[PDB]
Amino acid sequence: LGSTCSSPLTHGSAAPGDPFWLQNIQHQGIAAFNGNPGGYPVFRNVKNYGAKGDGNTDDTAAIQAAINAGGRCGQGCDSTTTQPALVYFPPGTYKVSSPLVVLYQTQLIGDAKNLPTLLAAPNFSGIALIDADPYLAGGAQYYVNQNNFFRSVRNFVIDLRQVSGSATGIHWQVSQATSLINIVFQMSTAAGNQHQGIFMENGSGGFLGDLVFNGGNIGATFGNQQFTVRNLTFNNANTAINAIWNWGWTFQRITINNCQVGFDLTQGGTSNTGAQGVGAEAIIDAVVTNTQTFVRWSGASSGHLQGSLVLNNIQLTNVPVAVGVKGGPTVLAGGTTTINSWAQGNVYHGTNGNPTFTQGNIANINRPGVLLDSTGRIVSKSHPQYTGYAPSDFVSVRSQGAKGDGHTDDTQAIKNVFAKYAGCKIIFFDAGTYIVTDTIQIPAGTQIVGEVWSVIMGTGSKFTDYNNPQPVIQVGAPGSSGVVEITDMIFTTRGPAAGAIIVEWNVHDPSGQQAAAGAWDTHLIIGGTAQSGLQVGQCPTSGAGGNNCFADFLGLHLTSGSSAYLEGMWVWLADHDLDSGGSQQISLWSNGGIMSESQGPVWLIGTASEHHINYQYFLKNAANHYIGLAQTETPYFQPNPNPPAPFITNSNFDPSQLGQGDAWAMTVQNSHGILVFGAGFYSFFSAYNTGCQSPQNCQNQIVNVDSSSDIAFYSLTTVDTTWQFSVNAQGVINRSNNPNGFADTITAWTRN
């Protein structure tokens, strides 16, 4: 416990009529590498910019000034980490008449005690009320969709009910490090209405969750490579979810009430050169009441894989058809019953490479009990917002001497904040980049909250030696136990840093509090950013930067005694430079992404690990992990060089079987109770050349398990890899058995 208090802060001291803490907290954020750090406002209350919030004044332009202010990344800008914005909305109804354009690196945040309403005016015109990627003449857009990172919308009512024609709440054409949190969509239930909650046509996501859709023709149109979605509720919709295409997604905790169709799944072809539909859906813990068809496919499957589905723990009350083909036959009859485990697609057992095409119940999926809440469902825990906490329950790191200016060594000031306040106050990292040169231990008991772009950047000799790797952030002491919640933080390095273990996670849940230790909207954005030493000017794809371009030793280390509930975390070794303009590719060296030795419980919900040399995920003597969806990519420069280079073999942190030519997406040794429910593991290059994408042979193997591990894979999608699944570095499941569009999919694998 911190030295300023006698027992832990365990609840807020706000009076219920007080505005949400974020409005009145001192606003001290800096954009460190902005052209004008001293004049550039990070926080913007929409009312300070003229918003009335009275339902009659058109507030579109006032809100837009709150977004736009400071000269930010708009038309003609690829990406930015240096022009952040927290757009804050106090209670009110804000009438808008054209799209609010949510620029690169913007968070829209409503009062969380009293959700503000965004009210579409009856003459609303435009693609959606909130627009994350505007279209320009010629079908250009502000941003490349696969590059459209850093965006959040939290705590709104979105009310389309005054629009008599079509209306869309959010054009959410986004990729990783984005979330939608705590939003209610109010839509017409009139016959023939054309209301749509979300329109999403492409992207490379992503996490979103905790939304309620009331009414509408379509709750969400979703088209995107991959996404994890937690705790959405669809009431009185025509189609809850109109899924138009994907490689593979995971849906957890879905509720569909009084809808015509729940999931409307567009089926496509099986070749990488044909029409792309929905490759894979993995749905776990769904409740469905008074709905005609729970899941409908656009077309039938004739005895081979052509669109994959996994269902786990589906509770149906008055749902005639569980799975059916559009104007085709019923595939699984419903009624009032609980579906335990059911799949459509190719099911595999052991080291036998034989597909069993399945449209039927499958062996019951093991769900280790430690991973399940007290209603028996995968734990579901939303981003903590501290709604009943008052501003004085927070302590500001800027107020305690941490400069956040990206230059001053902030190690001591930060260390001191933890020593004085851990467990005493919520620790508020005002926006900024905080340079540290020694381990920052976050003690068990701590709650940490950032402000859109609050970065801890480790640098210097403690972190440069791969033979002696050292932690930049330590989450709890070894053996420790307690609440640790981290929200809106970035953990990174200033290169070179070949010895950086960016996050070492030790803390375990206390007895009887599940997911009390976890991170939300918290990422490891490794290189590719302003003044990181790891940009295109230091690290060209030629490899000319050499030993300067070591970015880290390991991104995230989950240790033996730890538990972690990790939601949306992107462990991104930068493939390209976000800040120099041009999205230029760069070659950076990370030895590995995520290594877990944790005995559990570990929930990894829509985490991604990308561009590390030896593996994106390594589970070594781990137990009791629920992983879904997990997304990877191999570093673009491989096989030049081959793993482990430019590192050397390390027997503590590397797998026994090193990747041959290319990194493992996931490699598992001596582990049990591991459930991977939804995976997208990709390989797009051979030494910067894309030629291997067409013949689908960019790398040879990508997923390894040993002989003994107790691990199960469901909806395992890989891209451009010959062997999709290996036991003891020998290919077992060949891609040629599972083509499913652009990507290839294993519906189920189990040892037996």
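So that there is no doubt, residue numbering starts at 1 and follows the sequence shown.
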679-687 versus 31-39: which one carries the higher mean Cα B factor per the record? 31-39
Mean temperature factor over C-alpha atoms, higher-scoring stretch between 552-560 and 72-80: 72-80
Quick one: which of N202, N312, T541, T607 has the biggest Cα B-factor according to the entry? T541
Looking at the C-alpha B-factor values in the deposited entry, which of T634, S308, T408, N231 comes out highest? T408
Third of the chain's Cα B-factor distribution that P384 belongs to, per the entry: middle
Just say lowest, middle or highest third for the CA B-factor of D579 relative to the other modelled residues in its chain. highest
Could you place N56 in the lowest, middle or highest third of its chain by Cα temperature factor, using the values in the record? highest
Modelled-residue ranking by C-alpha temperature factor, third containing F263: middle
Ranked against its chain, the third holding the CA B-factor of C698: highest
